[PDB]
Amino acid sequence: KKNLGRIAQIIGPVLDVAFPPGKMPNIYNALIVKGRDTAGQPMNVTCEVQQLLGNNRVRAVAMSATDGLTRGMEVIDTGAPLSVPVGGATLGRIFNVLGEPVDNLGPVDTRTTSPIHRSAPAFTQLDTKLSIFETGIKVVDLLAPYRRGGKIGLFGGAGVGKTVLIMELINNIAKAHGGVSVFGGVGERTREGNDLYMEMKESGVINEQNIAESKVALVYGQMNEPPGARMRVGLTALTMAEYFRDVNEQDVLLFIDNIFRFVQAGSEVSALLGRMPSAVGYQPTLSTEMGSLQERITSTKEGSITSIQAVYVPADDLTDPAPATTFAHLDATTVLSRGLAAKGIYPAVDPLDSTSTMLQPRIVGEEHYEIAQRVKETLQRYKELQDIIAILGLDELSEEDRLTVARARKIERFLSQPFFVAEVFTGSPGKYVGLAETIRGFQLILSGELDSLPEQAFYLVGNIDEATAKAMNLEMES
Amino acid sequence: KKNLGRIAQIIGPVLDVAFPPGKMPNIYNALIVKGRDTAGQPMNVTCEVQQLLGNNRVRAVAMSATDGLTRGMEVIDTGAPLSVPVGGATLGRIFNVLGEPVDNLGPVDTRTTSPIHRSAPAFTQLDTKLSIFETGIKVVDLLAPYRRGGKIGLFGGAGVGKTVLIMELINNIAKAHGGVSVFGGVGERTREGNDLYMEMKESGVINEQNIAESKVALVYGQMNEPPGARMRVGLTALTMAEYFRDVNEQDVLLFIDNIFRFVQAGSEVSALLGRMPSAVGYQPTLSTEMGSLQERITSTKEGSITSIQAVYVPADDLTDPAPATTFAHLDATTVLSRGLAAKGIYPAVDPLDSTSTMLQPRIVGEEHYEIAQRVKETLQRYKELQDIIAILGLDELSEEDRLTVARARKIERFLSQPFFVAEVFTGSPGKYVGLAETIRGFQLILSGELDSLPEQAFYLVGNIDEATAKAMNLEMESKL
Amino acid sequence: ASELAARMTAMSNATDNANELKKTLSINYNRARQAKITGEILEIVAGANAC
Amino acid sequence: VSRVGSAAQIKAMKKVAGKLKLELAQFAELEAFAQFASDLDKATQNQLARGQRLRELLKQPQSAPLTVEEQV
Amino acid sequence: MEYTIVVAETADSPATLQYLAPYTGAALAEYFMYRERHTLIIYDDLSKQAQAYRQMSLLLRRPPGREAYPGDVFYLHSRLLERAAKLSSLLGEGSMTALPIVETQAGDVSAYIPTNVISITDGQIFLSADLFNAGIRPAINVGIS
Amino acid sequence: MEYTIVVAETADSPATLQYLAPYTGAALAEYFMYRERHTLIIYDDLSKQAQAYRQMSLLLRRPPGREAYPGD
Ligand SMILES: Nc1ncnc2c1ncn2[C@@H]1O[C@H](COP(=O)(O)OP(=O)(O)O)[C@@H](O)[C@H]1O
Ligand SMILES: Nc1ncnc2c1ncn2[C@@H]1O[C@H](COP(=O)(O)OP(=O)(O)O)[C@@H](O)[C@H]1O
Ligand SMILES: [Mg+2]
Ligand SMILES: [Mg+2]
């Protein structure tokens with residue numbers, strides 16, 4: 001005997017639903033429109049109450065296409081927020097925003113479901129253990145080491161390598177991970193989700209037979225989806241991540257590509273809700289919508305989520321409010337560059353604009369910390385000299401400033417690395433580089449014992465030994 | 001107080017007050033709201049009528065904090081604008097916007113009051129005399145001489161030195177000034193308001209033993225005030241400074257810090273008064289407000305007002321419409337640079353952008369004028385060269401251009417000066433420098449008779465005798 | 001003559017690096033010029049509707 | 001910028017560091033100008049030495065504070 | 001023109017028909033995709049669809065963003081270009097190669113409309129104007145493409 | 001922590017509580033300032049107080065100003 005609504009208005013994906021005066025749905029509750037098409041009757045238009053409007057009327061945002069909805073259809077209030085299946089039944093499965101399987105398999109076991117709107121963990125239940133986390137990448141392990149159990153951001157514009165670098169952090173880590181990984185695809189290419197679903201199966205992670213032993217749950221709301229769906233994809237993936245943290249008490253990896261598209265979709269429907277926008281046309285509730293996602297990610301004293309997010313940066317502008325509101329939530333930010341990707345240095349990580357909480361001597365060690373400083377002191381000094389050498393060139397620099405230019409020109413190429421994922425672009429095989437290899441490889445450039453080698457010997461080699469073996473062939477071949 | 005109104009809306013500092021249909025307050029009248037405090041006692045909160053709205057209700061901006069007010073409280077209309085007590089009874093006293101004494105002494109005698117809104121003097125009443133007064137400052141007395149009876153701006157961003165310069169003008173001028181001084185603190189720090197009060201006392205200008213034998217009236221409208229109060233602080237201070245001019249017939253100093261906050265406080269309430277924003281988020285009445293206030297500050301035939309006022313320039317952007325409106329009203333703009341303050345050259349007066357209408361040979365003579373041009377020609381020449389000495393170095397210059405570089409290094413240091421008020425920043429005692437000592441010193445740097453001294457000999461010295469005697473100490477300590 | 005032609009080579013490369021610089025500074029100015037005007041009016045048209 | 005100045009210090013610090021702000025500000029002008037000349041004289045070359053020693057005084061490790069004794 | 005449909009809007013045409021026409025031409029291309037054929041769709045100026053939808057929504061008094069384009073500008077071109085796909089063998093293996101064309105202003109790849117489509121598209125072919133003026137037709141900048 | 005109060009509003013909280021967190025802290029500081037104690041208060045991110053106040057005033061439908069911040 002649920003209360004029954006009628007649709008009053010349809011403006012895009014935003015529906016205004018007229019309810020009886022005694023009973024109104026609460027904010028964030030899900031509504032099921034009856035729905036109708038040419039062939040059949042789909043109840044697959046799920047809504048979500050945003051605003052109570054008055055005159056016994058709510059304002060809801062649809063999670064599907066609203067084409068084919070008529071003013072005056074029956075709307076069913078579910079009485080609860082949007083619930084999603086969680087647990088071991090979600091392992092190996094691709095989901096909608098609505099928690100519904102897309103992978104053309106059997107229906108999921110919905111004995112255990114969970115709402116997508118939950119409060120964050122309490123201040124008491126947090127853990128303060130600062131463990132380092134190794135990724136196999138030379139820019140990442142040296143100059144911005146990642147937080148085991150914390151938020152991590154990959155910043156950069158279009159076509160710089162956020163997706164290729166995030167597929168390297170799945171490749172190096174998620175198979176070596178002792179727990180469940182969760183991928184959340186928010187506003188990305190549906191082709192890229194097809195490749196990841198094949199990369200998981202080919203790597204043995206999503207096994208075709210005995211699918212309940214898979215340790216990856218995929219959640220996809222991509223570019224084609226309506227903007228109300230793409231707001232709630234990240235909350236569907238996060239609800240499934242925080243089941244394994246709270247109930248199964250496992251360490252969880254949470255890859256979300258892209259969380260900018262989570263913001264951009266919340267900006268599009270905020271225009272339809274009639275709200276007064278903030279700077280750059282963004283929604284006024286931007287820091288609260290963004291913080292409602294990121295404060296549910298933090299690790300508890302039961303389990304631990306590590307999230308690696310790709311944050312798209314519009315127009316290469318890190319001062320844009322949607323990149324800027326993300327920086328406050330992150331333990332490590334890996335800013336990718338376009339000027340480095342235009343050179344072909346990959347991963348195109350800006351080594352000075354990429355930061356970390358972890359790069360402190362009580363965490364990384366004293367040997368690691370004193371060399372991460374000396375790389376950044378070298379690349380800062382060469383950053384300052386690129387107005388003198390922009391016009392006059394190298395010829396007018398002093399003996400010391402030419403030596404800092406010479407070493408920093410070798411540091412920048414040894415920061416680059418071939419990836420396993422990028423073996424279909426270049427053909428060269430990727431190299432995992434351990435941190436013990438990374439610290440000693442930059443000890444040699446800063447001590448100057450490899451000043452005789454050419455600079456192209458350091459480009460796209462794993463160890464510093466491969467930079468030595470490449471230096472032979474450039475010196476040998478005549 | 002026969003008109004009773006009721007509050008219809010409270011949105012921020014702006015009220016809507018509804019009145020009986022025939023009888024309504026005129027614009028700029030003072031509505032006194034019979035509010036109540038946290039105890040339930042009666043507390044008066046004064047508002048000012050901005051616009052009649054129709055349907056027998058006005059829109060009023062409050063001069064106090066509106067938190068605690070209720071839709072439905074009685075609002076009386078006094079039938080008049082804000083009357084402010086003026087006269088000799090207001091000397092050495094600290095006032096609100098409303099003329100109420102802040103400084104925890106006796107009640108002020110309100111037998112002589114003047115309303116805060118009035119018209120500027122007519123075109124017939126303006127005086128024609130173009131006179132210079134001496135400030136003790138080397139950049140000011142050489143390159144932007146201040147007009148007696150004139151309107152002076154100090155332009156610059158936060159932290160370049162507008163307040164230390166205006167505290168130095170109070171130190172140099174207001175002691176030997178013949179008439180009354182009036183400081184209007186508009187939208188600034190209460191520490192700096194308190195700091196000034198102590199400064200008056202140690203200099204004997206508040207004269208705390210025999211009050212109203214003093215020579216200053218202080219009005220403060222500081223940052224913690226609501227924007228309704230900040231709009232009118234300038235007006236209250238000027239209503240005081242116009243009584244001493246008109247009735248008492250004497251020359252008045254009117255220091256205003258800050259005249260940007262008059263413009264900013266109107267901008268905070270303009271969108272709540274219902275106005276569409278003008279360029280850069282400012283009220284569409286920016287230049288009429290600046291104009292209303294500035295026009296009142298003028299020297300007439302009966303008395304004189306010399307206004308020395310700081311203008312805040314947000315983000316060091318002089319193209320902002322709040323400083324850009326102010327430049328037209330002034331007789332000497334003293335633009336302060338942050339490039340010069342980052343070098344430690346203080347007072348950080350940009351001599352190429354600070355100008356005066358008094359720097360004419362018919363006013364200062366041709367000895368002052370010919371060296372004030374040769375200093376500005378030397379520093380303009382060095383401003384053009386800083387690009388190519390950064391790229392190509394000092395060695396590419398001609399020996400004529402290495403010479404005008406080396407003198408402009410030494411002029412720029414010698415424009416700097418230790419202040420009496422800046423002894424806790426310079427670390428060295430301050431210096432009053434006369435105009436003849438200023439003219440004599442820059443004639444020596446330009447001629448080339450001081451080409452042997454190092455450039456740091458001219459840094460923070462008063463006289464040119466102090467620059468050479470500093471150079472003798474730098475030659476002795478070079479041997480040591 | 002070798003010194004004065006090394007300098008002529010250096011001042012040729014400096015004046016052509018400064019040409020390539022001046023072009024991309026004129027393009028990056030016009031982007032910032034146009035974005036300033038677009039952002040300035042959209043603050044004004046927002047305030048013109050909000051009253 | 002500190003808008004209180006040496007009133008916010010003890011007498012010992014004011015006697016020593018009373019001019020240190022404007023000396024480093026004037027040094028940092030002339031260090032940037034000393035890169036523009038090839039052969040510079042000793043009265044500049046002394047002040048470029050003293051200015052680079054006054055910069056080395058001011059560097060600290062994190063959360064290892066200096067007492068006011070150790071600062072004077 | 002025995003295997004080509006031309007969907008033609010002009011500049012004299014209204015902004016809605018220029019906003020509409022890529023979705024028309026994509027749905028012509030989906031009739032053959034889901035009938036096991038292979039298809040090739042070209043959009044000449046996705047740049048000019050973005051400015052016609054901007055024209056529409058500023059006349060609709062909708063709050064815009066960067067360069068006065070609205071928020072639905074990404075979803076404009078990603079409804080369109082996610083319809084281009086090599087289909088699986090369970091559907092008959094139709095394909096749709098989409099070649100959109102985006103015009104840049106003095107090579108501004110950081111501009112809002114080129115940067116939205118680069119984040120949708122699988123690759124890009126940079127035609128540069130230094131090469132076209134030098135007679136290096138086709139002016140394909142090989143290293144950046 | 002023997003002499004420190006920590007007032008914490010994290011970004012999961014609504015904007016009204018982030019707006020009032022410095023006034024919650026400063027009213028605590030004025031308790032000790034007026035009882036003859038000396039107090040230090042750090043507001044870690046005043047810029048985030050203004051963005052919480054921008055959100056409140058734009059959902060109250062107040063007319064915005066520069067960067068859609070309200071005039072006050
Ligand atoms: N490590 C790499 N080696 C070679 N090419 C790369 C590498 N990383 C990225 N790229 C190039 O950049 C292109 C776009 O990168 P992508 O991950 O799509 O960027 P974004 O995530 O910003 O969209 C890739 O198609 C690839 O050609
Ligand atoms: N004449 C001066 N001598 C030395 N330092 C100065 C001088 N003027 C300003 N300063 C420095 O600038 C700081 C701020 O200047 P202030 O007068 O407060 O300018 P504003 O009112 O624009 O902020 C002062 O605290 C002082 O450190
Ligand atoms: Mg990508
Ligand atoms: Mg000031």
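If you go along the chain as it appears here, the first residue is 1 and each next one adds 1.
The backbone N, Cα and C atoms fix where each Cβ goes, and this holds for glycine too.
Taken from Swiss-Prot as is:
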- B:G156, B:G157, B:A158, B:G159, B:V160, B:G161, B:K162, B:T163: ATP binding site (BINDING)
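What Swiss-Prot annotates, mapped onto the structure for a quick look.
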residue : record           : Cβ contacts under 8 Å, 6 or more apart
B:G156  : ATP binding site : B:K162, B:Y312, B:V313, B:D316, B:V335, B:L336, B:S337, B:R338, B:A348
B:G157  : ATP binding site : B:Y312, B:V313, B:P314, B:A315, B:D316, B:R338
B:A158  : ATP binding site : B:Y312
B:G159  : ATP binding site : B:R338, B:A341
B:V160  : ATP binding site : B:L336, B:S337, B:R338, B:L340, B:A341, B:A348
B:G161  : ATP binding site : B:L336, B:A341, B:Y346, B:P347, B:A348
B:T163  : ATP binding site : B:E188, B:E192, B:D257, B:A310
Structural state of B:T163 (ATP binding site), classified by DSSP into three states: helix
Listed binding-site residues adjacent to ligand 4, that is, members of B:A158, B:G159, B:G161, B:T163 whose C-beta is under 6 A away: B:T163
Extra residues within 8 Å (Cβ to Cβ centroid of B:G156, B:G157, B:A158, B:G159, B:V160, B:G161, B:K162, B:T163), ATP: B:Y312, B:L336, B:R338, B:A341, B:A348
In three-state DSSP terms, the structure that B:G157 (ATP binding site) belongs to: coil
Against chain D, in sequence order - binding-site residues B:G156, B:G157, B:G159, B:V160, B:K162 with Cβ under 8 Å: B:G159
Protein Cβ atoms within 10 Å of B:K162 (ATP binding site), excluding its own: 26
